[PDB]
């Protein structure tokens, strides 16, 4: 009955976790302390998928944004009117690049947007699979996120629709990821 998707971590029977590359006032940088990606608009944000056990054939990887703060959690996250007017429907915040099987979904009941690609196991000798996401507005965009923090929820789903795993990370899309990560980490240490 809820129109708010779960954000609860569920690493599940396949041992699903996300990973991030190591990254200066930079196009993206991930804070482990904050579980938060800082990235620039319309630029690559790589996300690694790690599993302990191989998901079945036909597994899918879905990404969806939700507002982090309770007061905004019921509002659908969408592209702002300016960037909408500038495969992906123009209203979608999150895109996937570099994939020939990307599907964009608008839920008929919840109106939430999501982007899905097939799960592919790592190549031999590799421990993870990387997806290249793109966020098409800044967190600050007027008429869109409007300075409200979001979480990205990554779910691993079988072809039948069973939830196999779920993880999430906060995102700030901003002009100066390195500056803003340093500011937020310092604020955590000083006032958190």
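Positions refer to the first chain, counted from 1.
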- Query: Would you class the number of unmodelled deposited residues between residue 11 and residue 12 as none, 1 to 3, 4 to 9, or 10 or more?
  - Reply: none
- Item | Unresolved deposited residues lying between neighbours residue 25 and residue 26 | 1 to 3
- Note on the structure: Entry B factor averaged over C-alpha atoms, 165-173 against 180-188: higher for 180-188
- Quick note on 120-128 and 30-38: per-entry mean CA temperature factor is higher in 120-128
- Residue with highest C-alpha B-factor in the PDB entry, from 85, 113, 79, 95: 85
- Query: Which third of the chain holds residue 43 when residues are ordered by C-alpha B factor: lowest, middle or highest?
  - Reply: highest
- Going by what the PDB entry lists, where does residue 143 fall on CA B-factor within its chain: lowest, middle or highest third? highest
- Task: Going by the recorded CA B-factors, say which third of the chain residue 134 sits in, lowest, middle or highest.
- Result: lowest
- Query: With respect to C-alpha B-factor, does residue 159 fall in the lowest, middle or highest third of the chain as deposited?
  - Reply: middle
